[PDB]
Amino acid sequence: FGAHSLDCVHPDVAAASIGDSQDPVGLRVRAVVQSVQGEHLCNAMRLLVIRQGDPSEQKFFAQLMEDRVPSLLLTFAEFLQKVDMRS
Amino acid sequence: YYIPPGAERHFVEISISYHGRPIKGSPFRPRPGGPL
Amino acid sequence: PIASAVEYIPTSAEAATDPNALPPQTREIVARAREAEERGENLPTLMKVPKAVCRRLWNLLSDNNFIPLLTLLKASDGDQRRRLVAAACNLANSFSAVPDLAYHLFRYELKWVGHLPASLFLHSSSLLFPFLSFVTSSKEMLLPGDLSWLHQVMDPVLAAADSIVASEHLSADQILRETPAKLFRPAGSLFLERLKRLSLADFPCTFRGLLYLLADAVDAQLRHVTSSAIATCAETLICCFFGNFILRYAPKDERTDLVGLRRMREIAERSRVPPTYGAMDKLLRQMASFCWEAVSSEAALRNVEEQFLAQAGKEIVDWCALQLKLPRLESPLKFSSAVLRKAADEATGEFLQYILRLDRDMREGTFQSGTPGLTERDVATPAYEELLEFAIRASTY
Amino acid sequence: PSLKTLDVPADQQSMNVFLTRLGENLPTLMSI
Amino acid sequence: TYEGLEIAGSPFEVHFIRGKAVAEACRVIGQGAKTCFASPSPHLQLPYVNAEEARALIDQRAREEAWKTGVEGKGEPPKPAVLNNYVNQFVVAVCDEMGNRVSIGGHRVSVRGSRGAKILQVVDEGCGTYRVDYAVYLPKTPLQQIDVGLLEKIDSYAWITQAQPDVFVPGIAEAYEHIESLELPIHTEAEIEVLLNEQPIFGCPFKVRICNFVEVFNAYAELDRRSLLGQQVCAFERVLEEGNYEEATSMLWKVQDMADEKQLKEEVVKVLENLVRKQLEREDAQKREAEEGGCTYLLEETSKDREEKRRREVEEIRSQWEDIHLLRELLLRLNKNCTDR
Amino acid sequence: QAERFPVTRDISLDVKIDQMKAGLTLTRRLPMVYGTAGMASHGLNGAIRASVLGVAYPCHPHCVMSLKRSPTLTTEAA
Amino acid sequence: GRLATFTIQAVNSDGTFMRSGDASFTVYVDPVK
Amino acid sequence: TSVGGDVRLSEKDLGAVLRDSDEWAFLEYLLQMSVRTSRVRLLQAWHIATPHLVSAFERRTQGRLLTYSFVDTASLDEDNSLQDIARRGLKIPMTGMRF
Amino acid sequence: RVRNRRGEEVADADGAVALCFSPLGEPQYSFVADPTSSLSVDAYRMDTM
Amino acid sequence: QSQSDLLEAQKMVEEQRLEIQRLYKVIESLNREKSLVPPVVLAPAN
Amino acid sequence: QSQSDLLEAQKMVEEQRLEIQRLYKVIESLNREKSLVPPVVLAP
Amino acid sequence: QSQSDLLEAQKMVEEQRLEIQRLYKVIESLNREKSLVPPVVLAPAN
Amino acid sequence: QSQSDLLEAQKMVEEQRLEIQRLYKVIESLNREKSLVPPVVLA
């Protein structure tokens with residue numbers, strides 16, 4: 001992103017700022033993101049850059065599927081016993 | 001909060017509170033979820 | 001006994017964590033304090049002109065649609081003028097009368113340059129450019145959130161300038177002796193591309209407010225947003241907002257004569273805009289220079305750099321013609337209060353000292369006005385005489 | 001521990017080096 | 001547990017956190033509280049080096065050589081020296097008021113070393129294991145006065161008492177009493193002061209003892225031999241022992257002449273004429289006080305003319321202090337050169 | 001008057017910094033009319049206290065008899 | 001739950017300031033729903 | 001006996017007892033009387049009793065009797081190292097300690 | 001706070017509460033002979049204080 | 001270990017805050033008293 | 001969260017330590033620069 | 001180009017002027033230390 | 001107007017470039033020392 005520190009990054013413009021500094025580390029990052037863009041049928045997936053420490057955080061952790069989110073307090077392990085005694 | 005396996009019949013309460021003063025519904029008393 | 005040799009001087013060290021095992025956020029903070037001891041502001045983070053004097057001074061200095069403020073501000077010549085326009089913005093921040101100061105400074109400056117053509121309202125005035133420079137590019141007025149936003153738009157642009165320097169192995173001499181449009185053309189196009197992904201709503205509520213205030217004031221001293229108001233607000237955005245970020249906060253035995261000479265090269269090299277940053281600022285000034293041409297329009301673009309600058313200008317015209325013409329969003333002028341009570345102290349100190357010095361300048365008589373056309377009799381207004389009675393009384397109080 | 005210097009004993013720059021010790025190519029990447 | 005039966009959920013997890021870390025209970029661990037290995041000082045000042053050192057040595061050596069004695073043609077190594085810069089180490093472990101280690105760092109530990117010691121770093125190392133690493137620098141010109149016999153004895157006293165105290169050996173107490181009464185240059189002891197929240201920990205002041213008095217003397221004498229002046233010194237010292245006093249003292253005339261450096265002299269001379277020229281200018285300003293005392297008196301002064309007058313008077317004392325300091329510096333340097341010669 | 005003329009302000013200010021070093025905080029005493037009494041403050045044991053601590057017993061910093069420092073008066077009294 | 005203060009100064013129709021203090025300036029605060 | 005850590009017994013901490021003084025005569029007599037021989041001589045002595053410990057000892061043994069006694073530091077447990085003795089005052093374990 | 005089977009905060013409830021403690025983890029040690037040359041502060045104190 | 005160091009951390013912050021509180025009292029008093037010191041006056045004998 | 005609360009709290013530890021360094025710098029300034037001493041005036 | 005300079009030179013003048021103000025304070029801070037006497041003020045009669 | 005302030009800025013800045021040389025010649029002048037002397041001479 002060309003930013004000197006984490007507080008120089010914010011979620012609104014950092015999606016367009018990937019690969020602009022032309023450093024091969026960050027240009028590889030744009031290669032990986034654009035590869036996921038084109039691997040699907042449509043190339044329109046909006047990208048949020050979510051630092052640790054922002055109110056927009058829970059969109060990331062709620063997609064952590066082995067973990068425990070506010071909606072269901074079950075891991076993948078704990079769900080597996082509950083589908084096993086109920087079977 | 002979690003109840004240990006084998007201690008579900010015990011007395012369980014939760015006392016969420018700010019500096020000195022409690023919040024609405026404390027001293028919260030949850031009941032056993034499943035039967036027995 | 002024991003001669004006083006240099007190796008017997010007591011030496012003091014200090015406990016400090018190893019700066020490879022620390023996380024980078026604590027590394028930034030510890031290094032920031034260790035650079036702040038060369039800068040000398042390591043005075044405690046917590047810690048006299050009376051409040052009656054400060055209040056009474058602003059009540060006089062706001063008279064008659066800000067004429068007693070902007071008459072003294074034009075009467076100064078070249079260095080006290082910078083200190084009075086700094087003290088004016090700090091005093092207006094103390095009483096949060098910045099919308100009133102901005103509205104009347106825009107009216108009076110445009111009135112004084114109104115006989116003069118539209119293309120150089122900003123650049124042939126005296127107080128219009130230094131006012132916006134100190135409001136939105138100073139330490140004691142700009143918000144830490146505003147600094148972070150100004151970092152976002154221009155740091156990939158400046159890093160693209162650094163990357164095209166290292167890729168072509170351009171020397172530091174070659175940057176300063178070649179035209180900036182020839183070398184930094186891809187990085188300038190990146191700045192054009194980022195400006196289009198930005199709305200004025202995304203601006204941090206103080207840049208949008210000053211763009212709106214200057215738009216209605218320029219519209220006033222021309223005759224519904226006219227095309228000349230489009231170009232002059234683009235001038236205060238690329239030259240005065242973004243231009244004053246690159247040329248402002250942007251990171252990256254022997255005799256006594258020889259040790260002084262060795263370090264003086266070091267302290268003049270550290271505090272210096274690097275050549276790739278200065279040339280990139282020059283390119284942004286040239287993009288705003290072509291903004292007036294596309295508004296007024298052809299002019300025979302025979303180069304490869306000239307199509308790039310004319311297309312940069314025209315796309316800046318098209319962007320500012322849209323975003324300024326939107327219905328007026330909520331635009332509250334926010335400013336830093338980190339130094340507020342102390343900032344009003346040398347503010348009222350500077351006006352009260354300037355009125356007394358100016359009075360002695362006129363009475364014996366050596367007053368050379370910095371403004372070509374403002375005479376002695378415009379300063380001898382009875383409003384200024386009542387300012388003199390306040391300055392004499394408040395010197396002792 | 002000691003630092004080996006061949007004459008002219010260790011200055012501040014060479015000393016702190018020892019303190020810290022004790023305690024297809026890129027042009028094709030840019031073109032593709 | 002009530003009446004011997006567990007109440008509520010009672011594997012009650014209990015953390016324990018130590019109390020206030022009192023400074024005087026902290027321990028010192030390592031050999032760096034008894035034994036400091038001295039190193040050559042980087043603040044050394046060898047005598048002056050110029051280009052005719054190489055010209056006089058090459059001409060004189062090759063005149064005796066290139067015929068019979070000294071055929072050479074071998075590329076023999078000059079054996080560049082092996083000076084050792086030692087970094088002694090000891091660790092201060094911060095404890096609380098009953099002797100338990102502090103699990104993380106963040107405390108204030110300031111270490112100041114005098115009479116030779118130069119503290120380089122005090123590193124946290126995460127958990128509180130505050131490591132103080134230092135170097136003892138011995139001065140050059142006092143050390144060469146004391147012979148190798150006295151330095152070797154002091155070395156052997158510090159080696160035997162590095163673990164056991166002075167009591168355990170039959171005689172060391174009156175030996176160190178003799179050493180203090182030999183009333184000699186170099187402190188023969190280095191000071192380290194370790195403070196937690198700037199309070200002295202137990203055993204402050206730390207008196208560490210030097211065990212390289214022989215080694216730093218041999219390195220300094222070898223450095224004098226290696227320097228181009230001392231090669232010429234050993235050139236005529238070899239001449240005296242065989243005889244030939246006339247050619248012996250002629251090398252003394254030659255070496256003294258090229259150590260009688262010309263460049264520092266006329267820099268003193270030229271700025272001395274500059275200072276005396278300035279003196280004549282200040283009483284010339286006293287002369288022109290009467291020049292502007294027989295005129296004006298109806299041409300009034302202006303308000304900025306006072307303020308600029310105060311500026312020129314301040315800057316006149318500033319420039320007066322400037323060229324007096326320069327003269328003082330040049331004079332101290334010439335005094336050093338003269339003492340050395 | 002009892003606050004601008006206290007009984008003791010100690011020998012110097014470097015001892016105030018010493019009491020902070022390896023010690024405790026500083027004491028604030030407030031104005032106080034009556035109850036600054038007993039021995040050990042300005043009795044005859046205040047003279048023994050002043051000799052030990054290194055200060056003067058009557059009116060701790062000085063023995064004030066005039067209203068201005070007068071060189072003229074001291075030169076004529078020498 | 002604390003003060004929110006702003007200063008209104010009466011101004012004559014030509015631009016000079018009324019340093020007499022005879023003008024009622026009522027303030028009605030409307031929370032927009 | 002291991003003086004806590006590796007620390008030299010300095011003078012700014014626990015004080016020194018001078019040679020051929022009346023404390024260098026008191027420690028000779030009370031020790032040579034217990035051993036009943038003159039072939040025991042002292043070479044170093046230190047003073048440990050801080051006024052914090054003297055005041056605490058006086059308040060406890062008000063009305064009791066005071067005996068002089070010796071304790072071997074090597075046979076003492078490691079927690080009663082000499083640095084800790086200068087702080088707490090020879091803490092007694094719960095099993096007691098002989099004298 | 002003591003209570004009966006349903007909980008009504010029994011007052012005349014003279015009993016005895018004990019606080020028997022137990023450790024947790026794995027049994028660690030270190031000796032390091034002459035812990036002063038290697039600066040081994042972990043086991044300079046011999047009961048691992 | 002992270003939890004034991006965590007509860008370590010609030011106690012270390014609390015103890016460092018108390019030492020800050022002591023330092024602000026000494027700094028405030030030294031600055032205020034460093035204007036009221038009586039300057040000494042020296043005069044020649046002859 | 002256990003580790004993140006550790007790094008933020010150790011950040012606060014380095015905050016308070018650097019403040020302690022700096023207030024002691026003012027303390028050693030006032031003691032050692034001889035400003036807590038009476039200045040001298042030479043009257044005739 | 002004449003506004004890129006005078007926005008580079010004005011930062012150079014302002015940064016060095018604030019550095020002049022740290023210059024006079026570290027000169028005066030030394031002066032008082034290393035000195036061997038509190039400020040001597042000659043006070044004759046007007 | 002731009003060059004009337006650029007010659008002011010360039011003449012000013014070269015004046016401080018000689019003053020950095022002037023003034024941190026003096027701190028190295030002063031370190032370099034144990035104790036200076038009073039400026040008083042009386043008489």
# chains A, B, ... in the order shown; residues from 1 in each chain; ligands from 1
call {"tool": "interface_residues", "arguments": {"of": "chain L", "to": "chain K", "cutoff": "6 Å", "atoms": "only C-alpha atoms", "output": "number ranges by chain"}}
result
L: 33, 38-43
call {"tool": "calpha_fit_and_write", "arguments": {"fixed": "chain L", "moving": "chain J", "output": "mmCIF file with N, CA, C and O atoms, in the first residue's frame"}}
result
data_model
loop_
_atom_site.group_PDB
_atom_site.id
_atom_site.type_symbol
_atom_site.label_atom_id
_atom_site.label_comp_id
_atom_site.auth_asym_id
_atom_site.auth_seq_id
_atom_site.Cartn_x
_atom_site.Cartn_y
_atom_site.Cartn_z
ATOM 1 N N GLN J 1 3.051 25.904 -12.115
ATOM 2 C CA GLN J 1 3.284 26.841 -11.022
ATOM 3 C C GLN J 1 3.124 26.163 -9.668
ATOM 4 O O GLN J 1 3.835 26.499 -8.713
ATOM 5 N N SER J 2 2.197 25.207 -9.564
ATOM 6 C CA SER J 2 2.025 24.488 -8.306
ATOM 7 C C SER J 2 3.216 23.587 -8.021
ATOM 8 O O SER J 2 3.577 23.381 -6.859
ATOM 9 N N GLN J 3 3.834 23.033 -9.065
ATOM 10 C CA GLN J 3 4.994 22.172 -8.860
ATOM 11 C C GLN J 3 6.237 22.980 -8.529
ATOM 12 O O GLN J 3 7.060 22.552 -7.711
ATOM 13 N N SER J 4 6.404 24.138 -9.172
ATOM 14 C CA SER J 4 7.546 24.993 -8.870
ATOM 15 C C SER J 4 7.452 25.548 -7.458
ATOM 16 O O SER J 4 8.469 25.698 -6.771
ATOM 17 N N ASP J 5 6.237 25.862 -7.008
ATOM 18 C CA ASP J 5 6.053 26.275 -5.625
ATOM 19 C C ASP J 5 6.153 25.091 -4.672
ATOM 20 O O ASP J 5 6.426 25.278 -3.482
ATOM 21 N N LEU J 6 5.920 23.873 -5.167
ATOM 22 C CA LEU J 6 6.000 22.702 -4.301
ATOM 23 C C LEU J 6 7.452 22.377 -3.976
ATOM 24 O O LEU J 6 7.795 22.136 -2.817
ATOM 25 N N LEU J 7 8.319 22.368 -4.992
ATOM 26 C CA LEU J 7 9.735 22.103 -4.752
ATOM 27 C C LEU J 7 10.392 23.280 -4.046
ATOM 28 O O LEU J 7 11.422 23.120 -3.378
ATOM 29 N N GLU J 8 9.815 24.471 -4.206
ATOM 30 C CA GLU J 8 10.137 25.601 -3.342
ATOM 31 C C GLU J 8 9.889 25.274 -1.877
ATOM 32 O O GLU J 8 10.644 25.704 -0.999
ATOM 33 N N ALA J 9 8.828 24.518 -1.596
ATOM 34 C CA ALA J 9 8.358 24.379 -0.225
ATOM 35 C C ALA J 9 9.254 23.466 0.606
ATOM 36 O O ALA J 9 9.495 23.757 1.781
ATOM 37 N N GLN J 10 9.751 22.356 0.041
ATOM 38 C CA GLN J 10 10.636 21.502 0.838
ATOM 39 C C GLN J 10 11.977 22.172 1.105
ATOM 40 O O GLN J 10 12.615 21.899 2.127
ATOM 41 N N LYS J 11 12.437 23.029 0.193
ATOM 42 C CA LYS J 11 13.674 23.752 0.465
ATOM 43 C C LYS J 11 13.463 24.801 1.547
ATOM 44 O O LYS J 11 14.339 25.017 2.389
ATOM 45 N N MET J 12 12.298 25.455 1.552
ATOM 46 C CA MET J 12 12.007 26.428 2.600
ATOM 47 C C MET J 12 11.810 25.754 3.952
ATOM 48 O O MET J 12 12.170 26.326 4.986
ATOM 49 N N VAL J 13 11.237 24.548 3.963
ATOM 50 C CA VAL J 13 11.118 23.782 5.201
ATOM 51 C C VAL J 13 12.496 23.354 5.694
ATOM 52 O O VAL J 13 12.777 23.380 6.899
ATOM 53 N N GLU J 14 13.384 22.982 4.771
ATOM 54 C CA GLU J 14 14.730 22.565 5.155
ATOM 55 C C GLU J 14 15.544 23.734 5.702
ATOM 56 O O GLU J 14 16.285 23.576 6.679
ATOM 57 N N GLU J 15 15.421 24.913 5.086
ATOM 58 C CA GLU J 15 16.154 26.080 5.570
ATOM 59 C C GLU J 15 15.601 26.575 6.900
ATOM 60 O O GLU J 15 16.358 27.058 7.750
ATOM 61 N N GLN J 16 14.286 26.474 7.095
ATOM 62 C CA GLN J 16 13.707 26.868 8.374
ATOM 63 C C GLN J 16 14.067 25.873 9.468
ATOM 64 O O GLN J 16 14.166 26.242 10.644
ATOM 65 N N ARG J 17 14.260 24.605 9.102
ATOM 66 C CA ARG J 17 14.670 23.601 10.077
ATOM 67 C C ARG J 17 16.103 23.837 10.540
ATOM 68 O O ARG J 17 16.429 23.598 11.708
ATOM 69 N N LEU J 18 16.973 24.296 9.637
ATOM 70 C CA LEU J 18 18.345 24.607 10.024
ATOM 71 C C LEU J 18 18.398 25.802 10.965
ATOM 72 O O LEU J 18 19.246 25.858 11.863
ATOM 73 N N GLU J 19 17.504 26.772 10.773
ATOM 74 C CA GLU J 19 17.478 27.931 11.658
ATOM 75 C C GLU J 19 16.878 27.563 13.012
ATOM 76 O O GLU J 19 17.239 28.151 14.039
ATOM 77 N N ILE J 20 15.969 26.585 13.032
ATOM 78 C CA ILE J 20 15.491 26.016 14.291
ATOM 79 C C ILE J 20 16.630 25.318 15.023
ATOM 80 O O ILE J 20 16.771 25.441 16.247
ATOM 81 N N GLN J 21 17.468 24.587 14.282
ATOM 82 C CA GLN J 21 18.578 23.853 14.886
ATOM 83 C C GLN J 21 19.589 24.802 15.517
ATOM 84 O O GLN J 21 20.160 24.506 16.573
ATOM 85 N N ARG J 22 19.835 25.942 14.869
ATOM 86 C CA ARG J 22 20.701 26.958 15.455
ATOM 87 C C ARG J 22 20.078 27.552 16.711
ATOM 88 O O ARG J 22 20.777 27.818 17.696
ATOM 89 N N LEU J 23 18.760 27.751 16.701
ATOM 90 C CA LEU J 23 18.099 28.406 17.822
ATOM 91 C C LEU J 23 18.038 27.501 19.046
ATOM 92 O O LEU J 23 18.109 27.984 20.181
ATOM 93 N N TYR J 24 17.899 26.190 18.840
ATOM 94 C CA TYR J 24 17.860 25.267 19.971
ATOM 95 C C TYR J 24 19.223 25.145 20.637
ATOM 96 O O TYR J 24 19.312 24.848 21.833
ATOM 97 N N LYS J 25 20.300 25.361 19.880
ATOM 98 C CA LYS J 25 21.631 25.316 20.475
ATOM 99 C C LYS J 25 21.887 26.549 21.333
ATOM 100 O O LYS J 25 22.480 26.451 22.414
ATOM 101 N N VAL J 26 21.452 27.719 20.863
ATOM 102 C CA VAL J 26 21.667 28.956 21.606
ATOM 103 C C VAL J 26 20.791 28.997 22.853
ATOM 104 O O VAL J 26 21.237 29.425 23.924
ATOM 105 N N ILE J 27 19.538 28.549 22.735
ATOM 106 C CA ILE J 27 18.609 28.571 23.866
ATOM 107 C C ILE J 27 19.089 27.636 24.971
ATOM 108 O O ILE J 27 19.042 27.976 26.161
ATOM 109 N N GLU J 28 19.576 26.453 24.591
ATOM 110 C CA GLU J 28 20.062 25.487 25.572
ATOM 111 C C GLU J 28 21.285 26.009 26.317
ATOM 112 O O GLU J 28 21.413 25.812 27.531
ATOM 113 N N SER J 29 22.193 26.680 25.608
ATOM 114 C CA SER J 29 23.412 27.166 26.246
ATOM 115 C C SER J 29 23.148 28.387 27.115
ATOM 116 O O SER J 29 23.771 28.547 28.171
ATOM 117 N N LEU J 30 22.251 29.277 26.678
ATOM 118 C CA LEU J 30 21.929 30.454 27.477
ATOM 119 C C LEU J 30 21.233 30.074 28.777
ATOM 120 O O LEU J 30 21.515 30.659 29.827
ATOM 121 N N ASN J 31 20.319 29.103 28.725
ATOM 122 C CA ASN J 31 19.638 28.657 29.937
ATOM 123 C C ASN J 31 20.594 27.979 30.909
ATOM 124 O O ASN J 31 20.467 28.156 32.125
ATOM 125 N N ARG J 32 21.553 27.210 30.394
ATOM 126 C CA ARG J 32 22.496 26.516 31.262
ATOM 127 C C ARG J 32 23.499 27.482 31.881
ATOM 128 O O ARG J 32 23.901 27.313 33.038
ATOM 129 N N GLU J 33 23.905 28.508 31.132
ATOM 130 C CA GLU J 33 24.921 29.429 31.631
ATOM 131 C C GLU J 33 24.303 30.488 32.545
ATOM 132 O O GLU J 33 25.012 31.138 33.322
ATOM 133 N N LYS J 34 22.977 30.630 32.519
ATOM 134 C CA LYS J 34 22.320 31.649 33.333
ATOM 135 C C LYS J 34 21.989 31.112 34.725
ATOM 136 O O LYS J 34 20.881 31.293 35.239
ATOM 137 N N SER J 35 22.951 30.424 35.330
ATOM 138 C CA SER J 35 22.981 30.174 36.761
ATOM 139 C C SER J 35 24.379 30.314 37.332
ATOM 140 O O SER J 35 24.520 30.397 38.556
ATOM 141 N N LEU J 36 25.409 30.350 36.492
ATOM 142 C CA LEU J 36 26.799 30.339 36.917
ATOM 143 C C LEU J 36 27.455 31.708 36.815
ATOM 144 O O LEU J 36 28.677 31.807 36.960
ATOM 145 N N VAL J 37 26.684 32.754 36.549
ATOM 146 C CA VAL J 37 27.262 34.102 36.494
ATOM 147 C C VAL J 37 27.663 34.535 37.904
ATOM 148 O O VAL J 37 26.902 34.311 38.863
ATOM 149 N N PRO J 38 28.867 35.061 38.099
ATOM 150 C CA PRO J 38 29.285 35.481 39.439
ATOM 151 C C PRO J 38 28.626 36.790 39.828
ATOM 152 O O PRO J 38 28.838 37.822 39.172
ATOM 153 N N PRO J 39 27.815 36.792 40.885
ATOM 154 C CA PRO J 39 27.171 38.037 41.315
ATOM 155 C C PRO J 39 28.171 38.988 41.951
ATOM 156 O O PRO J 39 29.089 38.575 42.666
ATOM 157 N N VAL J 40 27.986 40.271 41.681
ATOM 158 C CA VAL J 40 28.930 41.289 42.125
ATOM 159 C C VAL J 40 28.582 41.710 43.548
ATOM 160 O O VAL J 40 27.409 41.725 43.944
ATOM 161 N N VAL J 41 29.608 42.005 44.345
ATOM 162 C CA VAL J 41 29.450 42.384 45.745
ATOM 163 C C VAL J 41 29.999 43.792 45.926
ATOM 164 O O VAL J 41 31.137 44.074 45.537
ATOM 165 N N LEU J 42 29.189 44.670 46.513
ATOM 166 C CA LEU J 42 29.527 46.075 46.689
ATOM 167 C C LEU J 42 29.485 46.408 48.175
ATOM 168 O O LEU J 42 28.580 45.968 48.891
ATOM 169 N N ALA J 43 30.463 47.180 48.641
ATOM 170 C CA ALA J 43 30.609 47.486 50.055
ATOM 171 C C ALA J 43 30.824 48.978 50.259
ATOM 172 O O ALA J 43 31.457 49.631 49.429
ATOM 173 N N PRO J 44 30.315 49.546 51.355
ATOM 174 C CA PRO J 44 30.498 50.985 51.583
ATOM 175 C C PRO J 44 31.937 51.338 51.927
ATOM 176 O O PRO J 44 32.694 50.524 52.462
ATOM 177 N N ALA J 45 32.307 52.580 51.604
ATOM 178 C CA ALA J 45 33.680 53.031 51.814
ATOM 179 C C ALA J 45 33.965 53.305 53.284
ATOM 180 O O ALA J 45 35.026 52.932 53.796
ATOM 181 N N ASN J 46 33.037 53.954 53.977
ATOM 182 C CA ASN J 46 33.250 54.322 55.370
ATOM 183 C C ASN J 46 32.841 53.191 56.304
ATOM 184 O O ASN J 46 33.460 52.982 57.347
#
call {"tool": "atom_distance", "arguments": {"atom1": "CA of residue 210 (chain C)", "atom2": "CA of residue 102 (chain C)"}}
result
7.8 Å
call {"tool": "select_by_dssp", "arguments": {"residues": "region 9-80 of chain A", "states": "helix (DSSP H, G or I)", "output": "PyMOL selection string"}}
result
chain A and resi 24-39+58-61+76-80
call {"tool": "atom_distance", "arguments": {"atom1": "CA of residue 8 (chain C)", "atom2": "CA of residue 115 (chain E)"}}
result
4.5 Å
call {"tool": "interface_residues", "arguments": {"of": "chain A", "to": "chain C", "cutoff": "12 Å", "atoms": "only C-alpha atoms", "output": "ChimeraX atom specification"}}
result
/A:1-24,26-27
call {"tool": "write_last_selection", "arguments": {"atoms": "C-alpha atoms", "output": "JSON list (two decimals), in the first residue's frame"}}
result
[["chain", "number", "residue", "atom", "x", "y", "z"],
["A", 1, "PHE", "CA", 0.00, 0.00, 0.00],
["A", 2, "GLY", "CA", 2.99, 2.33, 0.22],
["A", 3, "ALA", "CA", 2.10, 3.13, 3.83],
["A", 4, "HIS", "CA", 4.72, 3.62, 6.54],
["A", 5, "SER", "CA", 2.52, 2.27, 9.35],
["A", 6, "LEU", "CA", -0.81, 0.59, 10.04],
["A", 7, "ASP", "CA", -2.65, 3.80, 10.92],
["A", 8, "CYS", "CA", -1.75, 5.12, 7.45],
["A", 9, "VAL", "CA", -4.00, 2.32, 6.08],
["A", 10, "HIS", "CA", -7.78, 2.63, 5.98],
["A", 11, "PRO", "CA", -10.39, 0.30, 4.40],
["A", 12, "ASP", "CA", -11.79, 2.73, 1.85],
["A", 13, "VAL", "CA", -8.87, 3.42, -0.54],
["A", 14, "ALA", "CA", -6.47, 0.58, 0.26],
["A", 15, "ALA", "CA", -8.17, -1.72, -2.27],
["A", 16, "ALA", "CA", -7.16, 0.61, -5.10],
["A", 17, "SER", "CA", -3.71, 1.17, -3.56],
["A", 18, "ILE", "CA", -2.50, -2.42, -4.03],
["A", 19, "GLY", "CA", 0.43, -2.70, -6.41],
["A", 20, "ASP", "CA", 0.84, 1.03, -7.03],
["A", 21, "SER", "CA", 4.26, 1.21, -5.35],
["A", 22, "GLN", "CA", 5.61, -1.21, -8.02],
["A", 23, "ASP", "CA", 7.66, -3.13, -5.40],
["A", 24, "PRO", "CA", 7.72, -6.84, -6.38],
["A", 26, "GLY", "CA", 3.25, -5.80, -3.35],
["A", 27, "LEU", "CA", 2.89, -6.46, -7.07]]
call {"tool": "interface_residues", "arguments": {"of": "chain H", "to": "chain I", "cutoff": "9 Å", "atoms": "only C-alpha atoms", "output": "list in words"}}
result
residues 4, 5, 6, 78 and 79 of chain H
call {"tool": "residues_around", "arguments": {"residues": "region 15-32 of chain H", "least_positions_apart": "4", "cutoff": "7 Å", "atoms": "only C-alpha atoms", "output": "list in words"}}
result
residues 11, 36, 37, 38, 40, 41, 42, 45, 46 and 47 of chain H
call {"tool": "residues_around", "arguments": {"residues": "residue 16 (chain B)", "least_positions_apart": "4", "cutoff": "8 Å", "atoms": "only C-alpha atoms", "output": "list in words"}}
result
residues 22, 23, 26 and 27 of chain B
call {"tool": "interface_residues", "arguments": {"of": "chain K", "to": "chain E", "cutoff": "10 Å", "atoms": "only C-alpha atoms", "output": "compact mmCIF listing (two decimals) with N, CA and C atoms, in the first residue's frame"}}
result
# COMPACT_ATOMS: atom_id res chain seq x y z
N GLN K 10 1.82 -4.37 26.78
CA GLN K 10 3.26 -4.12 26.73
C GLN K 10 3.59 -2.84 25.97
N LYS K 11 2.74 -2.45 25.02
CA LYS K 11 2.89 -1.14 24.40
C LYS K 11 2.69 -0.03 25.43
N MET K 12 1.72 -0.20 26.32
CA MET K 12 1.49 0.78 27.38
C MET K 12 2.63 0.77 28.39
N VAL K 13 3.28 -0.38 28.57
CA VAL K 13 4.45 -0.46 29.45
C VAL K 13 5.59 0.35 28.87
N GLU K 14 5.78 0.28 27.55
CA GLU K 14 6.82 1.07 26.91
C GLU K 14 6.44 2.54 26.86
N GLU K 15 5.13 2.84 26.84
CA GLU K 15 4.68 4.23 26.98
C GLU K 15 5.09 4.80 28.33
N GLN K 16 4.78 4.08 29.40
CA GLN K 16 5.02 4.61 30.74
C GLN K 16 6.51 4.66 31.06
N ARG K 17 7.29 3.71 30.52
CA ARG K 17 8.73 3.73 30.74
C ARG K 17 9.36 4.95 30.08
N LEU K 18 8.95 5.27 28.85
CA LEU K 18 9.51 6.42 28.15
C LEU K 18 9.10 7.73 28.81
N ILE K 20 8.72 7.88 32.08
CA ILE K 20 9.55 7.88 33.28
C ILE K 20 10.97 8.33 32.95
N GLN K 21 11.46 7.95 31.77
CA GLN K 21 12.78 8.39 31.30
C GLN K 21 12.82 9.90 31.19
N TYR K 24 12.34 12.11 34.48
CA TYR K 24 13.64 12.07 35.15
C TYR K 24 14.70 12.87 34.40
